[PDB]
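Residue numbers (the deposited numbering), protein chains in the order written: chain A, 3 to 45, 48 to 298; chain B, 3 to 45, 48 to 298.
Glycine included, each C-beta is placed from N, C-alpha and C at the ideal position.
Number of protein chains: 2
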Amino acid sequence: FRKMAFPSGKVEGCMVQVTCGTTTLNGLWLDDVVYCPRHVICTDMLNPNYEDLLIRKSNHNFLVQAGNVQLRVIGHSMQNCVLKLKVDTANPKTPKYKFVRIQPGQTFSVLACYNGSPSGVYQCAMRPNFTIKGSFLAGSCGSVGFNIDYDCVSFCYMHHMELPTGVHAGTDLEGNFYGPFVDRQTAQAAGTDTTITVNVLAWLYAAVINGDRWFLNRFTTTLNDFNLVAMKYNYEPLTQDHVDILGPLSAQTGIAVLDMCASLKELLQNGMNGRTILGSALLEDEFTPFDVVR
Amino acid sequence: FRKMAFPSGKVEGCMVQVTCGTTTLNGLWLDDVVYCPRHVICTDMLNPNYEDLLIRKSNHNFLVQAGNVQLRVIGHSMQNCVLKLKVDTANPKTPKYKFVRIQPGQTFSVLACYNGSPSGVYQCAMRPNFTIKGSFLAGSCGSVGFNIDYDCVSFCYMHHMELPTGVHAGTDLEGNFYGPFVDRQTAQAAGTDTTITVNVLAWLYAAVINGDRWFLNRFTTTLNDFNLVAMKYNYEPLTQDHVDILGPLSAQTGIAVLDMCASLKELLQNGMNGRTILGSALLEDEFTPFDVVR
Ligand SMILES: *C(=O)[C@H](C[C@@H]1CCNC1=O)NC(=O)[C@H](CC1CCCCC1)NC(=O)c1cc2ccccc2[nH]1
Ligand SMILES: O=C[C@H](C[C@@H]1CCNC1=O)NC(=O)[C@H](CC1CCCCC1)NC(=O)c1cc2ccccc2[nH]1
């Protein structure tokens, strides 16, 4: 069992470099628009007035490069916290795509990029406190997170900042931040994070579908008793929605959702006692019910 | 610190579907040759005479589809355990590439494919027992592993089989097996695996170069004394070469390798005791020194 990312080729053909003044970062070039974080126009960083910063720019202040080719910016506008640079040329490599806003617990692939060129790809989850536990470099802003389903790329994240705890914060591709964050270098802190309970359960089901049943037991639990216990370990409350979502995996393994909840309760109480589940010595929470079935 | 795969775009455009009679798997289309496991011509599998089975085949026995378009096979050829299907057209998406054979303990990215279509990418290490702890579907054969070095794709692995323990075995792209395995259906087992010591040290350096310091101590050991410790815990012997190739990581953050070996020596007896390292609670051996520095 591997945390697998989506093949990155469709996204690679979209990454460009955007430079404004002394700042360069990455942009996403789809059709004839380049999307990048609006803070590329900052020098300024504690209290930027982006409306005032932007009206003073003209098209030639934005240097956009796709590989060796410089694209000509013919217009620009701001949509929430993303800048949209209109360019003279449509990206010939534009894939089928959509912009989607995800909820906490969702997973996606990140194409980490620097100077417009892709560096690596890895799988991420949106944490319950709306941060990402990413691996992001000095000039990684504008790198995007995405899923691919039937040749259609769903762009769900664009990178903007690193919080002082070392986790990461960013926006959807319409420029709205995930979580209570703003593009200012002001004191802001991520809420206390929690473990994604529905994902841990999905992964225990994956463990059952593959090798192992050693963590199962003879007990069941009510939903409320499970939540009362699990929250004492900083697990997210499990909702009826989550119970419904786990239905197909329950049906496939013959283990009722509340029976798997009993197993998780005991795993939290006992630990794993030198054993491993799918390859892990910790309870994994970055695989969704959807990810397991695939 | 995340396990990062190479961006897979350059390889995605080489993946095709090969069907022979009843069996479908993946092929690698480079220039005017498609490469795939020779066991695609089996039905038979318990002891094949591949030369005999191949002379019985003709070009039209091989159905090669590059997505929508069928490629016409105009020649067929075996090299060790890989079949070479000459097709009428050079792949216009052929990247700069070479065929390389890797050493146990080296890492690479796997592009898992099914029906000739890329499905996921992840980072792998070649185990000391020459197996791969992969994630491979029913029709994953022909999927490849690779590294990228400045526009050149170095192919090092093509997938052939799953051993009874659930680990995986394959060849290089010249058809030579990694490990003491053969392409026939028969009892074969992986040799007892060991842990890749130099990679564990690199991962520890990835923690000190990062932030963590709590496994560090004031002490040092000898290569001989450390190698006596490695044996009880089934760790690969640390060679004067490994120490040297780590030297660039020692030199940087002020920790001699044998200084970090003293830390690893104590870790092999104390455990973590609730503390992570980079962001994990087990000694990780799938990052090379080059993987950490890059
Ligand atoms: C190719 O697509 C598959 C990939 C396997 C399938 C499941 N997971 C994988 O990685 N390859 C096979 O199925 C081979 C078939 C060839 C092997 C070499 C000789 C000719 C046929 N079979 C196995 O990998 C296999 C069979 C088997 C039976 C019992 C225990 C383990 C086991 N592994
Ligand atoms: O790519 C550029 C970086 C990405 C960062 C850098 C290191 N790792 C990353 O993910 N973005 C940035 O550096 C912007 C700077 C800022 C954003 C808000 C509006 C004004 C400009 N981000 C920041 O993450 C940041 C600054 C900072 C200062 C003190 C403590 C934590 C901090 N984090």
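| Query | Result |
| --- | --- |
| May I have a chain-ordered list of the beta strand (DSSP E) segments no shorter than 3 residues that lie completely inside the segment 82-114 of chain A? | 86-91 and 100-103 |
| Which of the residues in the segment 226-247 of chain A, read from start to end, lie with their CB under 9 Å from any CB of chain B? | none |
| Is the beta carbon of residue 148 of chain B less than 9 Å from the beta carbon of residue 30 of chain B? | yes |
| Can you tell me which of the three DSSP states residue 162 of chain B falls into? | strand |
| Just reading off the beta strand (DSSP E) that residue 192 of chain B is part of, what are its end residues? | Taken as a continuous stretch (DSSP letters only), residue 192 of chain B belongs to no beta strand (DSSP E), as it is neither H nor E. |
| Please state whether the Cβ-Cβ distance between residue 135 of chain B and residue 163 of chain B is less than 9 Å. | no |
| Hey, would you say the C-beta of residue 187 of chain A is under 8 Å away from at least one heavy atom of ligand 2? | yes |
| At which residues does the alpha helix (DSSP H) containing residue 246 of chain B begin and terminate? | 244-257 |
| What is the rounded straight-line gap between the Cα of residue 180 of chain A and the Cα of residue 268 of chain B? | 45 Å |
| At a CB-CB cut-off below 7 Å, which residues of chain A make contact with residue 5 of chain B? | 126 |
| Have a look at residue 70 of chain B and residue 156 of chain A and give me their C-alpha separation to the nearest angstrom. | 19 Å |
| Which chain A residues are close to residue 8 of chain B, counting only those with a beta carbon under 7 Å from its beta carbon? | 124 |
| Since residue 181 of chain A sits in a beta bridge, which residues does DSSP pair it with? | A/175 |
| Does the Cβ of residue 28 of chain A have 16 or more other Cβ atoms within 10 Å, making it buried, or fewer, making it exposed? | buried |
| Distance, Cα to Cα, residue 110 of chain A vs residue 82 of chain A? | 27 Å |
| Just to confirm the assignment, what range does the beta strand (DSSP E) spanning residue 122 of chain B have? | 121-129 |
| Reducing DSSP to helix, strand and coil, say where residue 272 of chain B ends up. | helix |
| If you compare alpha carbons, which of A/74, A/87 and A/106 is closest to residue 93 of chain A? | A/74 |
| Looking at chain B, is there any beta carbon in it that lies within less than 9 Å of the beta carbon of residue 29 of chain A? | no |
| In angstroms with no decimal places, state the Cα-to-Cα distance between residue 86 of chain A and residue 150 of chain B. | 35 Å |
| For residue 3 of chain B versus residue 210 of chain B, is the C-beta distance shorter than 9 Å? | yes |
| Quick one: does residue 166 of chain A have its CB under 9 Å from some CB of chain B? | no |
| Once the 5 residues before and after residue 55 of chain A are set aside, which same chain residues still bring their CB inside 6 Å of it? | none |
| Taking Cβ-Cβ distances shorter than 9 Å, what residues in chain A pair up with residue 11 of chain B? | 9, 10, 11, 12, 13, 14, 15 and 122 |
| With a threshold of 8 Å (Cβ to nearest heavy atom), would residue 138 of chain B be considered close to ligand 1? | yes |
| Note down the Cα distance separating residue 8 of chain B from residue 120 of chain B, rounded to an integer number of angstroms. | 19 Å |
| Quick check: the Cα distance between residue 280 of chain B and residue 205 of chain B, rounded to an integer number of angstroms? | 15 Å |
| Looking at the structure shown, is residue 7 of chain A part of a helix, part of a strand, or coil, going by DSSP? | strand |
| Can you name, in chain order, every residue of its own chain whose Cβ lies under 6 Å from the Cβ of residue 106 of chain A, other than the five neighbours on each side? | 130 and 160 |
| Measuring alpha carbon to alpha carbon, tell me which residue in B/138, B/188, B/12 and B/101 is nearest residue 114 of chain B. | B/138 |
| Could you give the first and the last residue of the continuous beta strand (DSSP E) run that contains residue 31 of chain B? | 25-32 |
| For chain A, find out if any of its Cβ atoms is closer than 9 Å to the Cβ of residue 211 of chain B; answer yes or no. | no |
| If contact is defined by three or more beta carbon pairs under 8 Å, each pair taking one atom from either stretch, is the segment 261-277 of chain B in contact with the segment 220-230 of chain B? | yes |
| What residue range does the alpha helix (DSSP H) around residue 230 of chain B cover? | 227-236 |
| By how many angstroms is the C-alpha of residue 254 of chain A removed from the C-alpha of residue 245 of chain A? | 14 Å |
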